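Below sits a lone chain in structure tokens, taken as the form deposited in one PDB entry.
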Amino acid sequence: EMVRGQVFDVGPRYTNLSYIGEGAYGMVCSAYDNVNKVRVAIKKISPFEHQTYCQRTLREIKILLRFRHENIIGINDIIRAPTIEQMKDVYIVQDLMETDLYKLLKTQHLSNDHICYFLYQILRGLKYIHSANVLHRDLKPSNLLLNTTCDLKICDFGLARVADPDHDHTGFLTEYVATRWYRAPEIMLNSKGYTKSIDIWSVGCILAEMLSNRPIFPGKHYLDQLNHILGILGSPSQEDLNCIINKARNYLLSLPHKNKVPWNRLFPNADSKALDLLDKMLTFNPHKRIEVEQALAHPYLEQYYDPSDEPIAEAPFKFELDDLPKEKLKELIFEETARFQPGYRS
């Protein structure tokens, strides 16, 4: 029943459990599915003591239950108690993946070819996300699940949002956007975490990481993060500085003049086509940044690009939840996971 410490209680359908990983409010195991006669992954999530944790759980369930794409992880089943009072944990059943891009980059240097097809799969998945008017907001190697060189799946839609390009600059300390190393400069400079451009920047960082087996911008904190970006891209132009909305223009104007390090000096063994696409993805100005359809049509991905085999969402996605108390989110999580319960009507 239990996996060395915490109880699982996923049976009688899910047996022969083995521990995978853990976090602040969750634990992941592999389990044998006695129905589909295959091994699956089960995410035990206990978020109900904290509002933000509830937001992330609900966010990922609503989005993954609506999405159906080869490069996006799905939700196969959800195990949860029959009453709200009894519900303390939520078990999310997903397809079992061998590993993730983070683990792979620790043991292997990827060939140009593999990188290429990994990049294509990420962008193929992203095209579906963006066509649904959705932003992942946390794209990074550990959120890129793998089985083979031909089987990649984007996971963890906890930070996902519907794209609202014309919305309030919220506040710097109000929301957690990307993982720092993959965080777009617009998020750090003028709190803009509701445009498609932020995801293309993350992908750019992932591409640079596949090319050298190390993160391109490993900042200690967000100012160090901007210093790292500036160290390669160079000191921003007057036009690029006009996009900075905040005090924010100050510390950048305080820094010495940094020249643009050429991509080929940073990555001498990389294909010039990959470095040309990397350049378009890692543009400091979000308005000048390459869009997902343009990245796919780039010459670097010409051997895989096929718009007739790249599915898009049937309709844009719609849900706000961030201002709701943890008790209402628990109620919404109960409603969303009701499909997987016995006796479910309508």
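Don't overthink the numbering: it's just position in the shown sequence, from 1. Heads up, when I say rigid core I mean the largest set of C-alphas that superpose within 1.5 Å between the two forms.
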Missing from the model but present in the deposited sequence, between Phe319 and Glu320
1 to 3
Just how many deposited residues go unmodelled from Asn246 to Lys247: none, 1 to 3, 4 to 9, or 10 or more?
1 to 3
Looking only at CA atoms, which has the higher mean B factor in the entry: 146-154 or 257-265?
257-265
Mean CA temperature factor from the deposited coordinates, higher in 66-74 or in 25-33?
25-33
Looking at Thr57, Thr283, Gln51, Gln303, which one carries the largest C-alpha B-factor according to the PDB entry?
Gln51
From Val162, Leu252, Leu275, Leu139, can you pick the one with the highest C-alpha B factor in the entry?
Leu252
Ranked C-alpha temperature factor of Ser197 among modelled chain residues, by third:
lowest
Going by what the PDB entry lists, where does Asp89 fall on CA B-factor within its chain: lowest, middle or highest third?
highest
Going by the entry, which third of its chain does the Cα temperature factor of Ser237 land in?
highest
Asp100: CA temperature factor from the record, placed by chain third, in the lowest
Chain-relative C-alpha B factor for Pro185 (record values, thirds): the lowest
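Below, we refer to the form deposited in another entry, which is not included among the displayed structures.
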Using a rigid core alignment, state whether the CA of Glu22 is displaced by 2 Å or more between the shown form and the other one.
yes
Relative to the superposed rigid core, does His169 relocate between the shown form and the other one - that is, does its Cα move 2 Å or more?
yes
Would you say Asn264 moves its Cα by 2 Å or more between the shown form and the other one, aligning on the core?
no
Explain in one word, closer or farther, how the Cα atoms of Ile61 and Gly171 are placed in that other deposited form relative to this form, where the distance changes by 3 Å or more.
farther
So the Cα-Cα distance between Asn269 and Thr149 shifts by 3 Å or more in that other deposited form; is it shorter or longer than what we see here?
farther
